[PDB]
Amino acid sequence: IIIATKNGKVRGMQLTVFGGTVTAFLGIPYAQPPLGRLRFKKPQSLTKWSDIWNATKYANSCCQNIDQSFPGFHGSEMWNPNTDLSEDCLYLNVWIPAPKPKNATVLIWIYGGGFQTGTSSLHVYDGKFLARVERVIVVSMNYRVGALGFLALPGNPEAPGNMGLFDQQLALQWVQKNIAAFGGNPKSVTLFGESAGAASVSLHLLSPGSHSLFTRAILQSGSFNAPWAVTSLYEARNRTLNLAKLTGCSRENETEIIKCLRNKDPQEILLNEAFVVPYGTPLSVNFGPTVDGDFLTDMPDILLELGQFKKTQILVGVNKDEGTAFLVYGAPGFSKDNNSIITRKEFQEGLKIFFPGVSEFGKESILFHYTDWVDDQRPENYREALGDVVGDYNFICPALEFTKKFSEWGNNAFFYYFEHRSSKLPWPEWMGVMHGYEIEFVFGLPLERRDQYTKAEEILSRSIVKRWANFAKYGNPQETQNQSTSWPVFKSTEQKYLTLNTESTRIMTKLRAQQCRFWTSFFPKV
Ligand SMILES: *[C@@H]1O[C@H](CO[C@@H]2O[C@@H](C)[C@@H](O)[C@@H](O)[C@@H]2O)[C@@H](O[C@@H]2O[C@H](CO)[C@@H](O)[C@H](O)[C@H]2NC(C)=O)[C@H](O)[C@H]1NC(C)=O
Ligand SMILES: *[C@@H]1O[C@H](CO[C@@H]2O[C@@H](C)[C@@H](O)[C@@H](O)[C@@H]2O)[C@@H](O[C@@H]2O[C@H](CO)[C@@H](O)[C@H](O)[C@H]2NC(C)=O)[C@H](O)[C@H]1NC(C)=O
Ligand SMILES: C#CCN1CC[C@H](CN(CCCOC)S(=O)(=O)c2ccc3ccccc3c2)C1
Ligand SMILES: *[C@@H]1O[C@H](CO[C@@H]2O[C@@H](C)[C@@H](O)[C@@H](O)[C@@H]2O)[C@@H](O)[C@H](O)[C@H]1NC(C)=O
Ligand SMILES: *[C@@H]1O[C@H](CO[C@@H]2O[C@@H](C)[C@@H](O)[C@@H](O)[C@@H]2O)[C@@H](O)[C@H](O)[C@H]1NC(C)=O
Ligand SMILES: *[C@@H]1O[C@H](CO[C@@H]2O[C@@H](C)[C@@H](O)[C@@H](O)[C@@H]2O)[C@@H](O)[C@H](O)[C@H]1NC(C)=O
Ligand SMILES: *[C@@H]1O[C@H](CO)[C@@H](O)[C@H](O)[C@H]1NC(C)=O
Ligand SMILES: [Cl-]
């Protein structure tokens, strides 16, 4: 219940899980609160305390804008923060098996949320099941999002960019220096994350300051080469200045701009984040990772292509319907409360929504490659095409291109295609296997029988949890005891992947081959 860390003693709490016990330390601080003069700076190291920090409840989530699009609807509100928002949010959580393990493998979760939202205290990120079932230690941290995490005046240390990434990094450092005291093995640390968390994971594979802070990596529904994941220096500076103008902070001395922004209330900053771009989309990442010359020393596409990344094993995957979640945030004709049959004209309007800065010819090229039908008369054709357009462009084809490029430098890589729709999914049926709804299976929520999942879903979560644990401990995501399908490595030639479902788990080849040749080879030219 009392662990001695290098900055002071922390008290945890006992959780009863599946007739066993897990020790949770919720809300350990891992940096100086980035407040006052420290707003927009890289996280500063923490000063020793002499009392017993009571790590007995989740800490503040970082300041962020809330999804208010569907008040009272669990499908959206399950992602909104469930603790107070504050700038004082650089805290992390540890779940250790009980009895305290000897040399446990460590899983570090990095949440997504488009680099603008997210918190580690969400119900679907509860690491106690993994600590109970697989006897790993699960760590998760809060890191700054939006402008407070990623405002960029490149080269200027008052606002250098990538601060939320450096938050993630300082937490990884904390695990290196302290996790042995919890029974963890600092030499067996696997990062995993979803969406922007997955893009975050992939960027730690590229950052030299992260090389020695983890062993292996898991990327769920995201990678740095996704089109939303990295902001250019020109965009980043134009957005910093547009924020300055919007807050009355325009100055000629760039440091005076930052100091001005330091006296604004977080709410002033949050309110104006949405407007630093002239045309947004449901996938806008207004303030995100940039090439700062510190965390990121060059354009990550160049680093990937030329093999400049940590050489290790990766597990990468995507969900069958990544794109549908974003259609009900602006695409015309779409609604979670009907079946969203749209017309050709609504489809064309939807491309304007999702590709506003793209030429007419670019948008016609999407239409041409996605509207050659197996049946001109299926009424869901355009509804499903727009989902696939958004899913393939933003998630699936970048994840596949990342995995090809990464594996060509010699490392084992494993790719999955998650195609199970949760029986408890609150969103409608036409949205399918949505973005983010593999996470509850990874964290083992269906292992709780009291929670209305089916038996087939319990079995699927059990096999997924074991494959993820075996990947973390041993670099190999097999389930070896229950005559399971062997998961083959993904190679750039054959491109084998494993499907995850309740019925039959299958080895397939060349996911979205026709679609990704469009997105990866044609569309970037437009
Ligand atoms: C770089 O930013 C400018 C300025 O953006 C405007 O001011 C901000 C404070 C905010 O309110 C934005 O929404 C404003 O648009 C962009 O210039 C605008 O571009 C649009 C269309 O491109 C045009 O209709 C507006 O009149 C422009 N406004 C001004 C003041 O020039 C500019 O496009 C940005 N560059 C890029 C590449 O996005
Ligand atoms: C599905 O619903 C959308 C969204 O419309 C809203 O939600 C519905 C559930 C219902 O309560 C509507 O009255 C709401 O307006 C419909 O798209 C709208 O259609 C109207 C028709 O008058 C159009 O003027 C609006 O601009 C549309 N709104 C949006 C956001 O696109 C859509 O037609 C419905 N589709 C089907 C097949 O029923
Ligand atoms: C269900 C559900 C959650 N919804 C799914 C979509 C919604 C987008 N959000 C902002 C909400 C308001 O604006 C549209 S978001 O979480 O902040 C966001 C923003 C940009 C992103 C870019 C790439 C990948 C994920 C991103 C996430 C949130
Ligand atoms: C930190 O916690 C200390 C002990 O908390 C109490 O005792 C333990 C054994 C549990 O039963 C726990 O639930 C109890 O609340 C407090 O004495 C101390 O004041 C706390 N420090 C704070 C709140 O700053
Ligand atoms: C804990 O275990 C260490 C070795 O870890 C193993 O080797 C490294 C290189 C990784 O591949 C990792 O996944 C493996 O589990 C030992 O060196 C160390 O002394 C051990 N310490 C204690 C206290 O148990
Ligand atoms: C493996 O399966 C266990 C129970 O499965 C049953 O017993 C085994 C021995 C076989 O006969 C099997 O076909 C039966 O259905 C589960 O309790 C266990 O959690 C499973 N483990 C994993 C890692 O998926
Ligand atoms: C901006 O002001 C800072 C001190 O606040 C100073 O170090 C810097 O050189 C100034 N730059 C100018 C005036 O261009
Ligand atoms: Cl083509």
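Just so you know, these numbers use all the heavy atoms, side chains as well, and skip hydrogens, waters and symmetry mates. Read the numbers this way: they start at 1 and go in the same order the structure lists the ligands and their atoms. The first residue of the sequence shown is numbered 1, and numbering continues consecutively from there.
Ring planes of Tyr497 and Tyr417: perpendicular class, angle over 60° (limits at 30 and 60°).
Taken together, the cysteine pair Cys63 and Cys89 keeps its SG atoms at least 2.5 Å away from each other.
Nearest protein heavy-atom contact of atom 9 (C) of ligand 4 is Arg11 NE, 5.0 Å. Taking atom 23 (C) of ligand 4 as the reference point, the nearest protein heavy-atom neighbour is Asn54 ND2, 3.7 Å.
Applying the 6.0 Å contact sphere to NZ of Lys496 captures no more than 12 heavy atoms from other residues, nucleotides or ligands.
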Does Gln32 form a side chain to side chain donor-acceptor pair (under 3.5 Å) with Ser45? I'd like the steps, not just the answer. CA-CA 6 Å; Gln32 290 181 49; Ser45 278; over 6 Å; no

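With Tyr382 as the fixed residue, the ring-ring contact (aromatic ring centres under 6.0 Å, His included) test singles out one of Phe347, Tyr370, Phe334: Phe347. Checking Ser121, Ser120, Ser86 one by one against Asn142, the side chain to side chain donor-acceptor pair (under 3.5 Å) holds for a single residue, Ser120.
Within a 4.0 Å radius of atom 14 (C) of ligand 4, the protein contributes no heavy atom. Protein heavy atoms are found inside the 4.0 Å sphere centred on atom 21 (N) of ligand 4.
Near ligand 2, heavy-atom contacts under 4.0 Å come from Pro332, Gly333, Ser335, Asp337, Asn338, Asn339.
Ionic pairing of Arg450 and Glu448 is not present here: no N-O contact between side-chain nitrogen and carboxylate oxygen is shorter than 4.0 angstrom.
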